[PDB]
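Notes follow the structure.
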Amino acid sequence: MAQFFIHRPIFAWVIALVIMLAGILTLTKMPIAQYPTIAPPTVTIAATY
Amino acid sequence: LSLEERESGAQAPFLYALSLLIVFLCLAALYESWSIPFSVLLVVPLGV
Amino acid sequence: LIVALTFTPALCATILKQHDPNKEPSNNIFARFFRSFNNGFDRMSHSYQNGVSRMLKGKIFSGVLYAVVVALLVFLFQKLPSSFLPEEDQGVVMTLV
Numbered sequence: 001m002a003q004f005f006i007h008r009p010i011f012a013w014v015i016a017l018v019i020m021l022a023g024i025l026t027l028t029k030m031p032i033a034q035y036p037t038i039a040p041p042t043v044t045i046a047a048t049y
Numbered sequence: 867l868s869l870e871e872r873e874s875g876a877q878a879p880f881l882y883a884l885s886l887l888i889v890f891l892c893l894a895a896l897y898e899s900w901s902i903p904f905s906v907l908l909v910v911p912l913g914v
Numbered sequence: 482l483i484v485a486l487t488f489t490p491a492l493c494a495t496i497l498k499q500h501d502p503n504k505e506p507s508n509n510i511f512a513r514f515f516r517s518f519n520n521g522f523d524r525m526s527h528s529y530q531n532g533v534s535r536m537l538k539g540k541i542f543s544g545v546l547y548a549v550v551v552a553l554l555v556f557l558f559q560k561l562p563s564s565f566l567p568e569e570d571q572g573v574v575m576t577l578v
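Protein sequence lines, in the order shown, are assigned to chains P, V and A.
Counting from 1, position 31 in the first sequence corresponds to residue 31 in the authors' numbering; the numbering is continuous, with no gaps.
In the authors' numbering, each number is its position in the second sequence, counted from 1, plus 866.
In the authors' numbering, each number is its position in the third sequence, counted from 1, plus 481.
Encoded structure:
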């Protein structure tokens, strides 16, 4: 409720700061790539006569 | 296990320092005061 | 939505300050630029209402404009070329012999 946080400002700052810290932490341990994994599986079979 | 153990030890200090920041933030939202939390934080070494 | 319901109202209550009921000087170089912008939007505003009023009155015109915009949309979709993924210079060339 807006009314709830209007009268309790310090609490709101605490929710915001936690969400931000959580992001910062993930950012250090989150992988980076150009594209999301999109390669289709392939199997090749080989035989010689 | 020799190879594995070496890497494992360094990490533990930081979790202790992360926990403290989070606890301070929680305390503050409970009391609505930035300062009150410091008294509760002080008590920790006494226990250990 | 969550932030707006929580963080923004809390900020509004504290960061913002009560409007000064009487502020006679109200002059600064940056303020002058803003006062012009502030009045421009209001000129923009009246025209929009008048435009809307006329539009509500002149139904045929509104209908023909809507029809036209729809038509162009149809035409244009057919005419635009298509592709999957755009081409990029990756600094390498492969020559096959």
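Just so it is clear, CB atoms sit at the ideal spot from N, CA and C, and this is done for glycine as well.
Query, Result
"Based on Cα-Cα distance, which residue from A895(V), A878(V), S905(V) lies nearest to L17(P)?", "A895(V)"
"Over what stretch of residues does the alpha helix (DSSP H) that includes residue 54(P) continue unbroken?", "For residue 54(P) there is no data in the structure shown, the boundaries of chain P being 1 and 49."
"So, using beta-carbon positions, are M536(A) and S543(A) closer together than 8 Å?", "yes"
"Using a Cβ-Cβ cut-off of less than 7 Å, give me the residues of the segment 490-501 of chain A that come near chain P, in sequence order.", "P490, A491, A494, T495"
"Please list the residues of the segment 894-911 of chain V that have a C-beta atom closer than 8 Å to any C-beta atom in chain P, keeping them in chain order.", "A894, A895, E898, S899, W900"
"Give the residues of chain A in contact with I38(P), contact being defined as C-beta atoms less than 9 Å apart.", "Those do not exist, as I38(P) stays about 11 Å from chain A at its closest Cβ, beyond 9 Å."
"Assuming contact is defined by CB atoms lying nearer than 8 Å, are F5(P) and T495(A) in contact in what I supplied?", "no"
"Answer with yes or no whether the minimum CB distance from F565(A) to chain P is below 8 Å.", "no"
"Quick one: which chain P residues come within Cβ less than 9 Å of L486(A)?", "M1, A2, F5"
"If you reduce the DSSP assignment to three classes, tell me which class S507(A) lands in.", "coil"
"Assign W13(P) to buried or exposed, taking buried as 16 or more other Cβ atoms, counted over all protein chains shown, within 10 Å of its Cβ.", "buried"
"Between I45(P) and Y35(P), what straight-line distance do the alpha-carbon atoms span, to the nearest angstrom?", "28 Å"
"What are the boundary residues of the alpha helix (DSSP H) that includes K498(A)?", "From DSSP, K498(A) is part of no alpha helix (DSSP H); its letter is neither H nor E."
"Which class does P40(P) belong to by DSSP, given the choice of helix, strand or coil?", "coil"
"Helix, strand or coil for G572(A), going by three-state DSSP, please let me know.", "coil"
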